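Asker:
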RNA sequence: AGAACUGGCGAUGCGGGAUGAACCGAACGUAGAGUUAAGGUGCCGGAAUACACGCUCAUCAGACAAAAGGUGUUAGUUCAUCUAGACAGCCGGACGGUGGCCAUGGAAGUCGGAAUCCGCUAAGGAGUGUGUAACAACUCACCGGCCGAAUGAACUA
RNA sequence: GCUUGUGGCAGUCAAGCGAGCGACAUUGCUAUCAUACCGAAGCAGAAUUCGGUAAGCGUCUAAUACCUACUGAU
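Chains as they are written, first to last, in the authors' numbering: chain H, 1 to 190; chain r, 2 to 74; chain W, 3 to 234; chain b, 94 to 225, 232 to 278.
(1) Alpha carbon to alpha carbon, how far is residue 215/b from residue 176/b? Give it in angstroms, no decimals.
(2) Where does residue 45/r fall in DSSP's three states?
(3) In terms of alpha-carbon separation, which member of 135/b, 96/b, 121/b lies closest to residue 110/b?
(4) Tell me which same chain residues have a C-beta within less than 6 angstroms of the C-beta of residue 179/W, skipping the five on either side of it?
(5) Excluding sequence positions up to five away, which residues of its chain have a Cβ less than 8 angstroms from the Cβ of residue 175/W?
(6) Of the residues 148/H, 37/H, 91/H, 97/H, which one's Cα is nearest the Cα of residue 166/W?
(7) Check the Cβ-Cβ distances between residue 183/H and every residue of chain W, and say whether any is below 8 angstroms.
(8) Does the beta carbon of residue 126/H fall short of 7 angstroms from some heavy atom of the ligand FMN?
(9) Check the Cβ of residue 205/b against every Cβ in chain r and list those closer than 9 angstroms, keeping chain order.
(10) Taking residue 209/W as the query, report the chain r residues whose CB atoms sit under 9 angstroms from its CB, ordered along the chain.
(11) Reducing DSSP to helix, strand and coil, say where residue 219/W ends up.
(12) Between residue 277/b and residue 244/b, what straight-line distance do the alpha-carbon atoms span, to the nearest angstrom?
(13) Let me see if you follow: with CB-CB separation under 8 angstroms, is residue 84/H close to chain W or not?
(14) Rounded to whole angstroms, what's the CA-CA distance from residue 228/W to residue 38/W? Just pull it up for me.
(15) Going by Cα to Cα distance, which pick from 28/W, 231/W, 220/W is closest to residue 20/W?
(16) On the three-state DSSP scale, how would you describe residue 136/W?
(17) What's the gap between the Cα of residue 151/W and the Cα of residue 220/b?
(18) Would you verify that the beta carbon of residue 42/r is, or is not, closer than 8 angstroms to some beta carbon of chain W?
(19) So, with DSSP's three-state summary, where would you put residue 32/H?
(20) List the residues of chain r whose Cβ lies closer than 8 angstroms to the Cβ of residue 176/H, in chain order.
(21) Taking all protein chains shown into account, do 16 or more other C-beta atoms lie within 10 angstroms of the C-beta of residue 176/H, making it buried, or fewer, making it exposed?
(22) How many whole angstroms separate the CB atoms of residue 135/W and residue 208/W, which I take to be in contact at a CB cut-off of 8 angstroms?
(23) Would you say the region 92-103 of chain H touches the region 130-145 of chain H, given that touching needs at least three Cβ pairs under 8 angstroms?
(24) The alpha helix (DSSP H) with residue 78/H in it runs from where to where?
(25) Count the other CB atoms within 10 Å of the CB of residue 149/H; is the residue buried (16 or more) or exposed (fewer)?
(26) Counting Cβ pairs, one atom from each stretch, are 3 or more of them under 8 angstroms apart for the region 215-234 of chain W and the region 107-125 of chain W?
(27) Run through the DSSP bridge pairs and tell me what residue 123/W is partnered with.
(28) Between the beta-carbon of residue 256/b and the beta-carbon of residue 173/b, is there less than 8 angstroms?
(29) Report the rounded CA-to-CA distance for residue 156/H versus residue 127/H, giving the unit in angstroms.
(30) Can you find a C-beta in chain r that's less than 8 angstroms from the C-beta of residue 161/b?
(31) Would you mind telling me which residues of chain H sit closer than 7 angstroms to residue 1/r, beta carbon to beta carbon, in chain order?
(32) Please list the partners that residue 172/W has in chain H, where partner means a Cβ-to-Cβ separation under 7 angstroms.
(33) Is it buried or exposed, residue 181/b, if we count other Cβ atoms within 10 angstroms and call 16 or more buried?
(34) Would residue 153/H be called buried (16 or more neighbouring beta carbons within 10 Å of its own) or exposed?
(35) Which of the three DSSP states is assigned to residue 94/W in this structure?
(36) Which value, in whole angstroms, describes the spacing of the CA atoms of residue 110/H and residue 125/H?
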């Protein structure tokens, strides 16, 4: 009903620091730095004690107010990724054809290869987004560990990896071959 | 073709590793998909969807009333 | 609009409302003047069969339970609201589950009964494991191999997805048998139990942790005095 | 159900023919529309009257398509005995057919079939679910009798299945006459 | 459709409606000044992109198919409780005859048939669901612990 | 401000309006053909059913649902 003012509070630990200006946002921390553009969100930021950041919307409706909470959520996610980071345990399984996963740097660009899926001779590649690192899990068979700072980039890379290898024109209930996300967590063990 | 193998195959190897997550997300997206369909599907398809939704709502109301009446006794 | 509707199913039971709370409030006052002594138990969690066993073995001393605020209001949060002299003292002391146990037995009987009594229970989160439990390097079992595997039936495959997607353990299914690629040490003595670890232990039925209810405060209906003891 | 389907089809044909023969004498557009609605509604009611037989046909179709395709005329061998005395393992090792051997009585609830070649001659084997009346027992008896195949009775000298030898002997004697 | 009704048209110019006989205005000689009706005041097109209160994101909005649906949006009516802890969210309890009685190869809450009680707890359905050949195992609805104020259901605009 | 898919009605329902009516169910005899891209289905494969986008192209085979304009040339 045309709220006079609504706001949310963002908490930033001493391990990270941020600088706020026009909606281009800067974040720095032990794991590196991240940036995001929110000029289309039309929200105002306000610092109080260098550890709490206030985001407020004036005369904004429910539809507009909904972006206020999402801005705080994105800021918190970026801070957590910069501090702790996100590690995704990607697992692939098969029954007859051993799925082959390889990493290449064709034309400089890093790519993740998938081969031998259900005997398919086609070569599948997925570009590695910036900030994402790939390494084979230890003491775990047929596991790929995607690691990175940006939540969106790592999540999109994992989704592309698990979704490009679709089972096509086959019994989904029976053909279990494929790649799926097995667990979502943080790089830092804590 | 021999038997109910698919059930046996599911028991012996299970469904897709993400099958539970896929089903849960599909079920949870139906709430918004129903609204999108109500705001879409022009033509006779809209008429059919509206009639089906009205019938489902009437059946739900009848079931609720029957349960409430029998709940007391 | 846009508000999500509450999920509803036609269950066989309905809500109780504030009628039960008011009834308990009245009953607390009606029973305070009957029993000679009143106690409050800091029973964090008690299995219903265990509570029923305690009640039947202690039925002579009726037990009263309910919401903390309701019971404190019935007993009185201050002197001006106390039903009897010094009654409000135990109301402030209690912090966890009420466990308002009215009894006609003196302090000696109550403390002896609560010291001798002891029962086993699952290890809850934030506690330390009372035993060591390592799953074998192959097919898993209902009890996790803590008992001879010749009689421990393998875990039902239907529950494998829950372990795979919630407990994060490297469980896999081979010909309908749940198997892991290494002997995962879910818990060890001295290790703080996580929520997932507690759930895993409950699934395996490893109730090795001991449990015994403790009394927080004491009140006398004829001496107008209140005492607190740490005896469990 | 088949007769009901046929009768519904015949009634639909008759109604359509009659309404074609009847609609030719309409005058107004609404009269023709009402007659068309009459024919369509009669067809719809006839179809809806088959709501139960349609579901029954769907269910029976879903199951018939997965039944084993055995040939009674060709040489074949039948294995029979008390429920899961061990014949399940025998089938699991004599042919590629994968069947469990769990200790409980009715480990198999269908006539599992497997094929093998002896002296380059095609042979098929059928695993009887079990014999104690019941539908499963009747199916096993019919398979034993009608099929032009020998029957391999199974017994247990050990305590497997928790059944004594006397019970197996009694069952064999009871079913002996017809095989 | 049977008529009576009073007006427009016929014998009617003119202004507005993008151009019409069923609409609105309108007492028709030749010129000058000033004020109006309908109709308008973004340009074509003479006149404020005037003031102020709210509504709408609409893949032909806008200048009789309709009774309903939409987790579209903005306002009210009737029932709900609420600092004895509103709604939601995270944990725990979630019993005992009982594996109730029949249905039987095997089903104990969940394959079917009817009963659906007392005993007790702040709270337990002879079980609202998931699942096992059958027990098991998870879960609601019923409460308790944490958390600190408005929320839950149907209707009128 | 025409047209498109569920035969009239006796009783049972009867949400709601307000004396009397009446939705949705029910007993009574009675604008894609194929190619292209996706979702569901006892979808093992093959083959096939239903549902959506798509008018680009075809429709025994994969399938056979007297003056202005005009192309040309000064």
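Cβ atoms here follow ideal geometry from the backbone N, Cα and C, with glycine treated the same way.
Answerer: A quick look at the data gives this:
(1) One C-alpha to the other measures close to 27 angstroms.
(2) Look at residue 45/r here: in three-state DSSP terms it is helix.
(3) For the residues 135/b, 96/b, 121/b, the minimum Cα distance to residue 110/b belongs to 135/b.
(4) The residues are 141, 156.
(5) Closer than 8 angstroms at Cβ, skipping near neighbours: 159, 162, 181.
(6) With distances taken between Cα atoms, residue 166/W lies closest to 91/H.
(7) The C-beta of residue 183/H comes closer than 8 angstroms to at least one C-beta of chain W.
(8) Absence of the ligand FMN from the depicted structure is noted, as is the absence of any ligand whatsoever, leaving it without description.
(9) Neighbours of residue 205/b in chain r, taken as residues at a C-beta separation under 9 angstroms, are given in chain order as 3, 4.
(10) Result: empty, since nearest Cβ-Cβ is about 29 angstroms, beyond 9 angstroms.
(11) Correct three-state label for residue 219/W: strand.
(12) Rounded to the nearest whole angstrom, the CA to CA distance from residue 277/b to residue 244/b is 7 angstroms.
(13) No, no contact with chain W.
(14) Each residue's alpha carbon lies about 13 angstroms from the other.
(15) The shortest C-alpha to C-alpha distance from residue 20/W to any of 28/W, 231/W, 220/W is the one to 28/W.
(16) In the structure shown, residue 136/W sits in a strand (DSSP, three-state: E or B).
(17) The straight-line gap from Cα to Cα measures roughly 31 angstroms.
(18) No, residue 42/r lies away from the interface with chain W (no Cβ there is under 8 angstroms from its Cβ).
(19) Residue state for residue 32/H is assigned as strand, using DSSP reduced to three classes.
(20) Correct list: 14, 15, 16, 17, 18.
(21) Buried, since its Cβ has 16 or more Cβ neighbours within 10 Å.
(22) Contact between residue 135/W and residue 208/W holds, since their C-beta atoms are separated by about 6 angstroms, short of 8 angstroms.
(23) Yes: the two stretches touch, three or more of their Cβ pairs being nearer than 8 angstroms.
(24) For residue 78/H, the enclosing alpha helix (DSSP H) starts and ends at 62-83.
(25) Its Cβ being crowded by 16 or more others within 10 Å, residue 149/H is buried.
(26) Cβ pair count under 8 angstroms is three or more, so yes.
(27) According to DSSP, residue 123/W bridges with 211/W.
(28) No, the pair does not count as a contact, with Cβ atoms beyond the cut-off.
(29) Cα to Cα, the separation comes out at about 11 angstroms.
(30) Cβ-Cβ to chain r under 8 angstroms: yes for residue 161/b.
(31) Summary: the structure shown does not reach residue 1/r, with chain r confined to residues 2 through 74, and so no result is reported for it.
(32) Those within 7 angstroms of residue 172/W in chain H are 140.
(33) Buried is the call here.
(34) So residue 153/H counts as buried.
(35) Correct three-state label for residue 94/W: helix.
(36) Rounded to the nearest angstrom, the two C-alpha atoms are 10 angstroms apart.
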